[PDB]
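Worksheet: the structure to be examined is printed underneath.
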Amino acid sequence: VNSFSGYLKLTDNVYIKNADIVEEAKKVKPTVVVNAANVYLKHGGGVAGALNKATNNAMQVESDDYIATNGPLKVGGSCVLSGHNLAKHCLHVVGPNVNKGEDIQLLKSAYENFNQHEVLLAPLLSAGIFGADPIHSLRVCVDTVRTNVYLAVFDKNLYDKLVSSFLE
Ligand SMILES: Cc1nn(C)cc1-c1cc2c(N[C@H](c3ccc4c(c3)S(=O)(=O)CCC4)C(C)C)ncnc2[nH]1
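Going by PDB author numbering, the sequence shown opens with residue 3, and the numbers climb by one from there.
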């Protein structure tokens, strides 16, 4: 259960590893994997496309049924759906996409959703092509998340700049 291996503990509740979140999910099968989702839950590329493809589109079919019945999420919001073969549950969380003009204050609201789950495997919200400064996203995670979060960052160069900023 939640057999995370090779993480570096940054704070009492935040751990980090240079790894592909999809490979971590297949190995660990955590209770909750966080998806870096968008408001209409269309998993077209990046982390979301990679998680969806590893479920062989089961994630997208289920997401389409959620949107039909409930409408889109809001920026900073989330929903819990099945984790399929990757986890017991997937927490779809919408961080702001600053590359498309969304506000950075909503990154705190996005991280707040992690607090409803005791243990989560997660990506660095709003990083990559969402355009937020990745070190700033780590600082928001550290100040906001109180439950136990295992961050998988699939880039050694970025992993080392995060750990360097955090420890020195
Ligand atoms: C793509 C891909 N293809 N396959 C097969 C695996 C992956 C893969 C990518 C990836 C990952 N990337 C990081 C990241 C973090 C957050 C966001 C993005 C990207 S984004 O998709 O550009 C926009 C949404 C927010 C980078 C900063 C290194 N972090 C962990 N696991 C990952 N797995």
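No residue lacks a Cβ here, since even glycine has one placed at the ideal position from N, Cα and C.
| Check | Outcome |
| --- | --- |
| Rounded to the nearest angstrom, how far is the Cβ of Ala60 from that of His94, given a contact under 8 Å? | Not quite, the Cβ-Cβ distance comes to about 14 Å (not below 8 Å), so this is no contact. |
| Helix, strand or coil, according to DSSP, for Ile131 in the structure here? | helix |
| Return the chain-ordered list of same chain residues with a C-beta closer than 7 Å to the C-beta of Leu109, the five sequence neighbours on each side being excluded. | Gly97, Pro98, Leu127, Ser128, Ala134, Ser139, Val142 |
| Is the closest heavy atom of ligand 1 to the C-beta of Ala124 under 7 Å? | no |
| Taking the C-alpha atoms as reference points, what is the distance between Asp157 and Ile23? | 11 Å |
| Quick check for students: name the residue ranges of the beta strand (DSSP E) that lie wholly in the stretch 90–123, counting only runs of 3 or more. | 91–95 |
| Residue 2 to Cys81, Cα distance in whole Å? | Residue numbering for the chain in the displayed model covers 3 to 170; residue 2 lies beyond these limits and cannot be assessed. |
| By Cβ distance, which residues of its chain are closer than 7 Å to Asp105, with the 5 residues on each side in sequence left out? | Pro98 |
| When you compare the CB positions of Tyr152 and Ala112, do they come within less than 8 Å of one another, or not? | no |
| Report buried or exposed for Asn37, applying the criterion of at least 16 other Cβ atoms within 10 angstroms of its Cβ. | buried |
| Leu88 and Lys28 look like a contact to me (Cβ under 8 Å); what is the Cβ gap, rounded to whole Å? | 7 Å |
| Measuring only the C-alpha atoms, how far is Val77 from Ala154? | 22 Å |
| Is the beta carbon of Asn15 sitting closer than 8 Å to the one on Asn117? | no |
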